[PDB]
Amino acid sequence: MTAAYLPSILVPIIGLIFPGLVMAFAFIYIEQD
Amino acid sequence: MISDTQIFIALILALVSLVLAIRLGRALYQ
Amino acid sequence: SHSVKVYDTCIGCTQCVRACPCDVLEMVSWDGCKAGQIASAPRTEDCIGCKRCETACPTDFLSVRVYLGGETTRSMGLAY
Amino acid sequence: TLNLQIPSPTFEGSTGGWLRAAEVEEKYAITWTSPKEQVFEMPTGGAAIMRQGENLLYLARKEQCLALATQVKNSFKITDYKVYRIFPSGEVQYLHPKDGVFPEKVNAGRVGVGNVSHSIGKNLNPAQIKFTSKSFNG
Amino acid sequence: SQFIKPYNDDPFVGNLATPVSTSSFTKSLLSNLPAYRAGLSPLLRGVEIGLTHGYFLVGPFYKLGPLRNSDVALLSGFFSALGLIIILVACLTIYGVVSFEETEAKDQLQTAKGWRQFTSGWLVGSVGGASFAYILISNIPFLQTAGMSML
Amino acid sequence: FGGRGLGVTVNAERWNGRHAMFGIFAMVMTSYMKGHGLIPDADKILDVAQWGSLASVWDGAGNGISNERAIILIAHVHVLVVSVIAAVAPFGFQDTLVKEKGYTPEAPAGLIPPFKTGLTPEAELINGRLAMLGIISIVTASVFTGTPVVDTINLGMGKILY
Ligand code: CLA
Ligand code: CLA
Ligand code: CLA
Ligand code: CLA
Ligand SMILES: CC1=CCCC(C)(C)[C@H]1/C=C/C(C)=C/C=C/C(C)=C/C=C/C=C(C)/C=C/C=C(C)/C=C/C1=C(C)CCCC1(C)C
Ligand SMILES: CC1=CCCC(C)(C)[C@H]1/C=C/C(C)=C/C=C/C(C)=C/C=C/C=C(C)/C=C/C=C(C)/C=C/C1=C(C)CCCC1(C)C
Ligand SMILES: CC1=CCCC(C)(C)[C@H]1/C=C/C(C)=C/C=C/C(C)=C/C=C/C=C(C)/C=C/C=C(C)/C=C/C1=C(C)CCCC1(C)C
Ligand code: SF4
Ligand code: SF4
């Protein structure tokens, strides 16, 4: 696989960092007055 | 086969599409 | 808060007011029926929406009507 | 007015009582007078014994107070009960009976709220009142 | 001789005064916990709570993780505990952001500045306790085998 | 967002400039050590039987992350832990990452801040903008030629590193 480092870089990012920030910012948005 | 530069070009186009999608979402949100 | 309406088919039997657990309805003077009284809803901010008044109403299709709307602490029956 | 110094019925306590929203959002009070000391069922679960004379009780919801009022009305023939709303700021709002006369009895000065001058089958269809702030009643 | 009484001499509040809830031992233990102990800044409450919880967080990750049968089991367990600590710190941060309005008061836990201090203390204590647990298990063979080294 | 110092603010530009100066330093020092062979077992392939399935990269030979890449990533993990602790628990004197809602924004420096030499915020901002522009230029020179970034840095510095 050409650029085989990209799955190992992006899958942890997309699966843990993206949903964590999305849930945190959505929580902040929906709970703020 | 596909090279690293081609994947980088696709990533740049996807980032441009991300900026355009963010702009469309902001326009729809008024 | 829920919206409670009383239509002029009311016969003034006072059953809906007696069935109300939250003291939302009361009987006021009127000339449209033989009983001389009609139901009214001045206190719909305390209405939980239980529709016991609608169950109590004896007129063919109901004279008192509850329309569920925006939910508040009182209307949700929350003791917390 | 609500006399805060009215003694309470003798209760051993329960887990069903009022939560933090009673001291933070709003609380309800019910007073009544009994001719004798007698056991009643609490609307929150459990038995309490009310004293002879005046009784003051605190609840979280208006419906709990009115359920207790209905219970003492149909089981002890007590109709002099009064229900108030109390805020954390200390303002007391009298609730029931609002004009002193029970709502099932007609009293002068009451005005009709929410009365519609036609039958329910004469309400409008939504298509007249779409994109318009006209009510469905007419 | 009744052992169960109404809470705070209020029979109509939703609580009961019990030996489990309101005895002298329970009151002393609760009043001596860092979350309730008087004379503490929120930062030091955070430091003590974080030290305790971050110290005990190392153990399950080291002993039961997917790398537990490898030579880097303790390093992986400490790193996983640190990631859990960072996640919980983010939880504290968003809780403090959404729960409190910006006030001058900063000596109570339920204020914005006080909760930010508590979160900072909890992070620093959690890292310190996790590192201390890592040091102790790294340097004591008794902790590496959880007591089978005596047999 | 914008009321806390995030987005297009002078604080965020200053923070990214600081991180970009550190990035220029880290790339130069990485190039120096990688040319000089100071990475032990730089071509060693990490084994799944020791480090787990996270070491899998799925390339054509070895199917494991190299030890050198792991060392570079762990060196970055150290300063990420430092970053997290400084972001949540800063020093009392230190400049903070996120600012309070009622904060006073630093004035934009325009084309160029006043020429205050030394350990002044103006010099910090000037080299921070310079380092961000240099990172942009190094990335563009690396991807338009096929030269590796360490080799591009060594060529632009005239083979001083190695
Ligand atoms: C909707 C289309 C789609 C889907 C379902 C996937 C699915 C996947 N991609 Mg992929 N990808 C796509 C489009 C897509 N791709 C496009 C267009 C590109 C070119 C830029 C790539 C480039 C790409 C790379 C380089 C890598 C993946 C990888 C992966 C895998 C892990 C997820 C990840 O890290 O994402 C990462 C994906 C991106 C960073 C690109 C964003 C994807 C597109 C542009 C956005 C589409 C969003 C959608 C339309 C709207 C959703 C709204 C809502 C439901 C959230 C997964 C199988 C990884 C892999 O191989 O793991 C095995 C990996 O390394 N993708
Ligand atoms: C697509 C998303 C995704 C990804 C990429 C992973 C990835 C992983 N999981 Mg997993 N998991 C997921 C979804 C995901 N999981 C879900 C949805 C569940 C619920 C069913 C689980 C439940 C689960 C369990 C129960 C376990 C894993 C474990 C693991 C690790 C494999 C073992 C190993 O070698 O790590 C070794 C471990 C490490 C190197 C520690 C990594 C610590 C990270 C890098 C710290 C980062 C913290 C945080 C993200 C920082 C940002 C905060 C921000 C989001 C707010 C690996 C990192 C195992 C593990 O080892 O975890 C301890 C494990 O026990 N996962
Ligand atoms: C509840 C059911 C259950 C249990 C007990 C386990 C147990 C385990 N799983 Mg598993 N798992 C489960 C469900 C469960 N799994 C499910 C539903 C999924 C998704 C399908 C997974 C997916 C999964 C993956 C992918 C992996 C595991 C792994 C593990 C191991 C380590 C997990 C770890 O690091 O924990 C960390 C635990 C803690 C940080 C804390 C534990 C809780 C503490 C002990 C509670 C203490 C309470 C205390 C008594 C209160 C006292 C208060 C006061 C009085 C002082 C362990 C054997 C990993 C492994 O190696 O497999 C064997 C791994 O890689 N699990
Ligand atoms: C162009 C280089 C440069 C300059 C001029 C400054 C200048 C400054 N930084 Mg800074 N900084 C830099 C790079 C630089 N930094 C880098 C690369 C980082 C990331 C590691 C940081 C991280 C950083 C933080 C986290 C903080 C500062 C802060 C400050 C300010 C207070 C002084 C201080 O504590 O120094 C701190 C300096 C460093 C941490 C490293 C810089 C070391 C320099 C480059 C050494 C140069 C000495 C050299 C021989 C020239 C001597 C000149 C002679 C006249 C004395 C000051 C305006 C503080 C601030 O703004 O508070 C309000 C603060 O909290 N800096
Ligand atoms: C669902 C709904 C939500 C709201 C909006 C909506 C429109 C109504 C709709 C959204 C819809 C759809 C349209 C959303 C789908 C959206 C987009 C397409 C998501 C794509 C993301 C691409 C990632 C971030 C980037 C890779 C680029 C990185 C930064 C590059 C590196 C680069 C490479 C290596 C080469 C070197 C240079 C650099 C720059 C370094
Ligand atoms: C057992 C008993 C029987 C049954 C009943 C029971 C009551 C439930 C039970 C009790 C049970 C449970 C509740 C046991 C209670 C348990 C807890 C988990 C004990 C935690 C101890 C933490 C100590 C060691 C460390 C502080 C770290 C030191 C200071 C730091 C050094 C660090 C500092 C920052 C400075 C820098 C250096 C470094 C290394 C980074
Ligand atoms: C943190 C670390 C700890 C301790 C040690 C330490 C050393 C003190 C410190 C490291 C620190 C920091 C201070 C080190 C970081 C330092 C400095 C800021 C490095 C700046 C590099 C900028 C160069 C590459 C580029 C210029 C761009 C060129 C291509 C072009 C411009 C042209 C092109 C065609 C494009 C158009 C514009 C024009 C102008 C026409
Ligand atoms: S729905 Fe229930 S609370 Fe509302 S008016 Fe009818 S009986 Fe009373
Ligand atoms: S129950 Fe029906 S008919 Fe009787 S008073 Fe109420 S609205 Fe009128």
Side-chain angles (χ1 to χ4, degrees), chain C residues 20-23 43 46 48 73-74 77-80, chain D residues 1-100 102-103, chain E residues 1-23 26-27:
Chain C
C20 190
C22 284
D23 195 9
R43 292 181 285 278
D46 289 320
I48 48 177
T73 306
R74 297 166 187 181
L78 298 184
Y80 59 95
Chain D
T1 187
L2 173 64
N3 190 8
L4 282 72
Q5 294 330 297
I6 299 183
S8 66
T10 304
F11 190 41
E12 294 293 328
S14 69
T15 64
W18 48 261
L19 290 174
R20 172 171 197 272
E23 40 194 5
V24 175
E25 183 178 1
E26 65 181 13
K27 185 172 71 176
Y28 295 88
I30 190 167
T31 60
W32 74 96
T33 307
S34 74
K36 43 183 290 196
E37 178 152 308
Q38 47 194 353
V39 188
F40 69 103
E41 196 203 340
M42 284 279 300
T44 57
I49 186 164
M50 77 180 99
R51 68 180 65 252
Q52 168 200 12
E54 293 179 353
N55 294 263
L56 164 61
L57 183 62
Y58 290 109
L59 277 297
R61 300 182 53 223
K62 191 189 182 196
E63 193 197 359
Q64 290 168 345
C65 286
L66 290 167
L68 183 60
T70 304
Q71 168 187 154
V72 303
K73 173 187 37 169
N74 299 121
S75 296
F76 305 114
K77 275 75 69 178
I78 295 175
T79 64
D80 62 358
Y81 48 80
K82 294 182 288 294
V83 185
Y84 309 83
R85 185 180 280 132
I86 310 154
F87 297 98
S89 54
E91 167 209 18
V92 178
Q93 168 192 345
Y94 184 40
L95 291 183
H96 180 82
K98 199 56 162 32
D99 60 344
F102 277 125
Chain E
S1 199
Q2 295 314 300
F3 281 176
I4 296 87
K5 285 182 170 65
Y7 190 67
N8 282 345
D9 291 330
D10 203 351
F12 308 124
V13 72
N15 189 359
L16 281 158
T18 79
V20 181
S21 183
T22 60
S23 71
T26 311
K27 293 187 286 185

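Just so it is clear, the values below take in all heavy atoms, side chains as well, and ignore hydrogens, waters and symmetry mates. Just so we're on the same page: letters track the sequence lines, and every chain starts at 1.
Here the side chain of E/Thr18 pairs no donor or acceptor atom with the backbone of E/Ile4 at under 3.5 angstrom. Within the 3.5 Å criterion, the main-chain N or O of D/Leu66 finds a donor-acceptor partner in the side chain of D/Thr70. Listed for the D/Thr10 side chain is no donor-acceptor partner under 3.5 Å among the backbone atoms of D/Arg51.
Contacts of D/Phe87 classified as side-chain contact (heavy atoms from CB on, under 4.5 Å), with partners at least two apart in sequence or in another chain: D/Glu26, D/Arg85, D/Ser89, D/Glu91, D/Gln93. With sequence neighbours excluded, the residues that form a salt bridge (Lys or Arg N to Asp or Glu O under 4.0 Å) with D/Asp99 are D/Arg110. Contacts of D/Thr31 classified as side-chain contact (heavy atoms from CB on, under 4.5 Å), with partners at least two apart in sequence or in another chain: D/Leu2, D/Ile6, D/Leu56, D/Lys82, D/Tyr84.
Residue D/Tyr81 places its OH atom among more than 12 non-hydrogen atoms of other residues, nucleotides or ligands, all under 6.0 Å distant. The 12-atom threshold is exceeded at NZ of D/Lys27, counting heavy atoms of other residues, nucleotides or ligands nearer than 6.0 Å. The neighbour count for D/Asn74 CG, taken as heavy atoms of other residues, nucleotides or ligands under 6.0 Å away, is above 12. The number of heavy-atom neighbours closer than 6.0 Å to CZ of D/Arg20, taken from other residues, nucleotides and ligands shown, is 12 or below.
Once rounded to the nearest 0.5 Å, the distance linking OH of D/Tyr58 with OH of D/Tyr28 reads 15.0 Å.
Here the side chains of D/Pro103 and C/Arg43 are in contact, with some heavy-atom distance below 4.5 Å. Looking at D/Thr44 and D/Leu59, their side chains come closer than 4.5 Å, going by heavy atoms from C-beta outward.
A donor-acceptor pair shorter than 3.5 Å can be found between the side chains of D/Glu25 and C/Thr73.
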